[PDB]
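Just one chain is shown here, as structure tokens, and it is the form deposited in one PDB entry.
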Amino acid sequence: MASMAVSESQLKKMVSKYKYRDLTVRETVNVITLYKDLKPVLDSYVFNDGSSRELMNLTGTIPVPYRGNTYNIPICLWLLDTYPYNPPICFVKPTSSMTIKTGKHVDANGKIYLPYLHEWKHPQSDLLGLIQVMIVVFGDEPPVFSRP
């Protein structure tokens, strides 16, 4: 029904250096088919060691209902080149008009912490599952504020 953003074939070229390419591509297709404001992008990730690698991330918004409105929560999900056997590294990405609300699941840099990420195991864990969890958690406790 809706338009295509990126195809499987194009994605496969983007993750050409990933160790488990078909698995990564299939899950990415399922995510962006369902969440149409999440876009796959190739970008440089800087680890704590100082090393950097070109990684695909999913960036955009997911829809989260909260007290009578539906909010588009901006997120970024980085896929390591060993995806799906390591969890994504996940961030909320506030605009200039937003603040990060820190708590048990979100730090001051916007990094997300979840049992689902800590317990990650393929094939029981996957991105679709992760996003459902984020929607529940963020629906209970919004991770970005924009008004008093």
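A residue's number is simply how far along the shown sequence it sits, counting from 1.
Separately, the form deposited with a partner chain bound exists; it is not shown, and the next lines address it.
(message) To verify the annotation, which of these, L80, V29, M98, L117, has a non-hydrogen atom within 4.5 Å of the partner chain in the deposited bound form?
(response) In short, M98.
(request) Using the partner position in the deposited bound form, report whether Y66 sits within 4.5 Å of the partner chain, counting heavy atoms only. (result) Because a heavy atom of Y66 falls inside 4.5 Å of the partner chain in the deposited bound form, the answer is yes.
(message) With a cut-off of 4.5 Å between heavy atoms, is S7 one of the residues that contacts the partner chain in the deposited bound form?
(response) Flag for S7 set to no.
(request) Consider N86 of the chain shown here, and say whether it contacts the partner chain in the deposited bound form, taking contact as heavy atoms within 4.5 Å. (result) Contact with the partner chain, no.
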